[PDB]
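The opening residue of the sequence shown carries number 3 in the authors' numbering; numbering runs sequentially from there.
Think of the CB as a built atom: it goes at the ideal place given N, C-alpha and C, for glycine as much as any other residue.
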Amino acid sequence: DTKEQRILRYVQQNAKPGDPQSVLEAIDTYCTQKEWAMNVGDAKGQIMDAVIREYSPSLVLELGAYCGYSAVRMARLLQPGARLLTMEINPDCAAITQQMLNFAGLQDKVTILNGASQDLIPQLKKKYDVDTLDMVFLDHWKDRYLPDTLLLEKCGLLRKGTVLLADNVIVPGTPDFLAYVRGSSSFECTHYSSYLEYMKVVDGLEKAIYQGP
Ligand SMILES: Nc1ncnc2c1ncn2[C@@H]1O[C@H](CSCC[C@H](N)C(=O)O)[C@@H](O)[C@H]1O
Ligand SMILES: Cc1ncccc1-c1cc(O)c2nc[nH]c(=O)c2c1
Ligand SMILES: [Cl-]
Ligand SMILES: [Mg+2]
């Protein structure tokens with residue numbers, strides 16, 4: 003088996019079906035005690051939780067699903083009727099994420115989109131019936147953060163007040179994205195210093211609120 007299959011099995015055997023918090027705790031435990039994995043983690047996750055509660059977004063887009071940790075984390079805080087779309091290029095991980103969501107009982111709130119973000123983003127309006135996004139969580143691959151931000155704007159998916167929340171802006175680091183949003187009059191940016199998941203290594207989230215053209 004893979005690490006990702008081992009994480010899912012650990013949740014299935016150490017969490018309670020229908021209890022998102024137990025799912026997050028099981029993943030955290032496994033990845034602290036057994037095998038590190040690139041989930042956003044509890045330290046940065048607590049910052050995400052505070053942001054989701056502040057904005058109560060109706061429609062969230064996540065870029066990069068992995069095993070579903072962040073999708074569980076966000077979807078558990080959504081209001082009835084609110085929705086999350088999560089894009090995942092690796093089909094093995096999409097299959098893990100679906101099973102994780104099902105186990106957590108959050109499958110009604112979350113849709114997996116299979117493919118590369120750069121291919122799926124241009125389909126969101128016509129194929130997926132999206133108007134604009136309330137929040138975007140960028141956590142796929144560092145070199146896609148800036149191009150996909152620009153693509154979201156081109157496609158008409160951002161509105162005044164859309165919240166972009168980007169993981170890993172320190173480690174691995176996203177210097178072109180940070181320089182761009184922090185220099186742009188079209189974003190209002192805040193940095194939330196934290197720690198790399200499961201490690202005593204500094205990292206951070208960036209929040210960049212879109213202002214309009
Ligand atoms: N262009 C792209 N589009 C979609 N998914 C991508 C991508 N490039 C990488 N990925 C996916 O992005 C993921 C990064 S890890 C995501 C972790 C998750 N947000 C969490 O916190 O639980 C991987 O599963 C990888 O396959
Ligand atoms: C894998 C890794 N090694 C050392 C340091 C950091 C990482 C790391 C951590 C993350 O949170 C990631 N999130 C999304 N996508 C990634 O590529 C990614 C990589
Ligand atoms: Cl952590
Ligand atoms: Mg990350």
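Just curious, the alpha helix (DSSP H) that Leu10 is in, first and last residue?
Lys5 to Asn16
Do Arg8 and ligand 1 come close, with the Cβ less than 7 Å from some heavy atom?
Exclusion of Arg8 from the 7 Å shell around ligand 1 follows from its C-beta lying no nearer than that to any non-hydrogen atom of the ligand.
Pocket of ligand 3 (residues with CB nearer than 6 Å to any heavy atom), chain order:
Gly43, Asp44, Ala45, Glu199 and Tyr200
Who are the Cβ neighbours of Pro124 in its own chain at under 7 Å, not counting the five residues just before and after it?
Within the same chain, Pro124 has close Cβ partners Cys157.
Measure the C-alpha to C-alpha separation of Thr113 and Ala67 and round it to an integer number of angstroms.
11 Å
Ignore the nearest five residues each way along the sequence and tell me which others in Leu122's own chain have a CB closer than 7 Å to its CB.
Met89 and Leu115
Taking just the CA atoms, how far does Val165 sit from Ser196?
19 Å
Contacts around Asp141, its chain only, beta-carbon distance under 6 Å, and the 5 residues preceding and following it disregarded:
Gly66 and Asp169
Does DSSP put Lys46 in a helix, in a strand, or in coil?
helix
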